[PDB]
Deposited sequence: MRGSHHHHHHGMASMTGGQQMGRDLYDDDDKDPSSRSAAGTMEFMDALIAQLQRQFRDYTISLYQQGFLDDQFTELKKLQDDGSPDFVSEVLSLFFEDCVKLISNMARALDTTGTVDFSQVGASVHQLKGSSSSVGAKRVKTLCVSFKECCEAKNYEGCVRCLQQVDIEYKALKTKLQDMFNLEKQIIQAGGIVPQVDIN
C-alpha cells in the first residue's frame, strides 16, 4: 500500500548505493554479479555461506600447516591457497582472490614470512567481506518484507 512507498524507495536507494560502493572498493566483481543472475529466492546467500565455510576450513589448514612442529609443507599450504583462490573466484570475492594470487607466489618461493603475512591479510579480508555481505543481505530482507522489489543494479 502506497504509504510504504516513501520507505521502499529509500532502501532501494541505500541498496544501490552500498552495492555500487562495494564494487568501487573492489570487494566484489563480475562473478558476484554473474551469480546474482542465478536468482529466480535467497539462494545467493546459501552459496555464500558455503564459501565462508571454505574460508574457515581452508584457512585453518594453512595456519595448522604454517605453525611449525618442524619444517613447513609448502606444497600443502599451497593447495589450500589454490582452492581458496578458485572458491573466492567463483563468488566474486575480489580482495580475497587477489591476496590468494600473491600468497601462491610465497609458497612456490618458500618465503615463510610472506606466507604468514599473506594469511593475516586473507583472514582480515574474508572477515570484512562477510560483514559487508551480511549488511547487504539484511538490506535485501528489510526491502522484501516492507513490500518492495530488489533492483538489478
Checklist entry - Numbering the deposited sequence from 1, which residue ranges have no coordinates here? => result 1-41, 82-84, 198-200
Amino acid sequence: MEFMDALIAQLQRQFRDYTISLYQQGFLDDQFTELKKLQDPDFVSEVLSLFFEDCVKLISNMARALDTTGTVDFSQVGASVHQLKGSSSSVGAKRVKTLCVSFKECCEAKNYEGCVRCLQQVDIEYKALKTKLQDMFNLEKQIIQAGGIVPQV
From here on, numbers count along this sequence of modelled residues.
Checklist outcome for this item: With B-factors read from the PDB entry, the higher C-alpha mean of 25-33 and 50-58 is in 25-33
Checklist entry - Of 89-97 and 66-74, which one has the bigger average CA B-factor? => result 66-74
Checklist outcome for this item: Scanning 122, 128, 84, 38 for peak Cα temperature factor in the entry gives 38
Checklist outcome for this item: By the entry's values, the third containing the CA B factor of residue 140 is the middle
Checklist outcome for this item: residue 9: C-alpha B-factor third of its chain, per the entry, is the highest
